[PDB]
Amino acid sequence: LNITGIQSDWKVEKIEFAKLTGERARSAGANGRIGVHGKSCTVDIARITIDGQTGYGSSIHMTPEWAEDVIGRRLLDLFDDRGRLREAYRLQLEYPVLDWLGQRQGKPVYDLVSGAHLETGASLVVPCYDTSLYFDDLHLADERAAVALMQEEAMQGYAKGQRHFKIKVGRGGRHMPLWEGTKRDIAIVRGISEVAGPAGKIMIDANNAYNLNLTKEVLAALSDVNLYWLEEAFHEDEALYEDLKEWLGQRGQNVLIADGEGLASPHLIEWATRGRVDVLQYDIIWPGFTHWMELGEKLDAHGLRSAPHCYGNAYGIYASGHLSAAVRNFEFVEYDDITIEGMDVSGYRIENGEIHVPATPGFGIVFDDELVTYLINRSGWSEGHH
């Protein structure tokens, strides 16, 4: 981030907070470890005002008491001598602040953070995948029926421009009997592979419901299906992933190991640098965008891949698209089709397995000021003044 244009008199004038609500296009069922996710979605949003101009973005871990202590601070003082937002402000304010900087400079965040030296202008187009393939089949006793239902769901995404798909597996860990559930996982993946076709990338996500041998059984069953990655087969463990990697190598089966969401092992990155994990999946909100810019740099330096987790928060989708400009080995935007009341994302569009990020200021999302003001006053909160 270049902050040489930030004037020292620009101060945080107001911070306001509200929870926006919406719905995903199709209700999401269970996954390997927990129950139905549902259709309702929310996004916690803050609106910051600095030098008479507003910026909007995701905000977490912020209380009115915390914000009260930030009012009156100079924007410059929120940054490192290296142009990086200080740790203390990231979760609460990085998104509103980055949006703000984009509004004030009239640039999309991707241009602010890319560190690019070549002339800008080229449209930002980023691979994405459909993450919405949950255990939506559990009400069906028949395996073939289950496959057909999941194929239809994949087709729904395909019609909306999705070409790559992540399929939840691990049905036998908790929700179905172990052996039947595992057979069904395999059959569903095969079925979706037929939908996606030869250029469609297929990922599977067990949400830790497998163990090493169950994982080997599933992978062997799916030899003829080109799987792009295997995500959270079981809780990350250097010894188990070392084994799996060697096993995959012996079979010449090319499947990336992906991990890192939730409460990750504190040694996961170490394990990745030693070759046990290929794709890292820390969440786009926590630890966040600034963190990911630094992490992405380190991962790039080791030839490791970045695939920020995003689920449960629609805002993170658009953030992920912008982050891609700052990380060489950026894999995909994890996409969930969500409509949030008051959050106009129409500048973005999906086409042929890619999300086209608009070149408009900040994150290119236009919030409904009046609705947000209502929500702030009704249930949210406000600190500072105009």
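Residues carry their position along the shown sequence, with the first being 1. Only the largest set of C-alpha atoms that superpose within 1.5 Å between the two forms is called the rigid core.
In 4 other deposited structures of this protein, superposed by the rigid core, the C-alpha atoms of 220-228 lie farther from the shown form than the other of 220-228 and 178-186.
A307, modelled here, also has coordinates in every other compared entry of this protein that models residues flanking it, well short of the third needed to call it frequently missing. The records show that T120 is omitted from the coordinate set of at least a third of the other eligible entries of this protein. Per the PDB record, of the two stretches 75-83 and 241-249, 75-83 carries the greater mean B-factor over its C-alpha atoms. Across the two stretches, 14-22 and 374-382, the PDB entry reports the greater mean Cα temperature factor for 374-382. When the C-alpha B-factors of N329, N31, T54, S58 are read from the PDB record, the largest value belongs to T54. Highest C-alpha temperature factor among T215, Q281, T290, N254, as the PDB entry reports it: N254.
Among all modelled residues in its chain, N207 ranks in the lowest third by Cα B-factor. In this PDB entry, the Cα temperature factor of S320 sits in the bottom third of its chain's modelled residues, the lowest group. In the PDB entry, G200 places in the highest third of its chain by CA B-factor. Compared with the other modelled residues of the chain, the Cα B-factor recorded for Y348 ranks in the middle third. Sort the modelled residues of the chain by CA B factor and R276 lands in the middle third.
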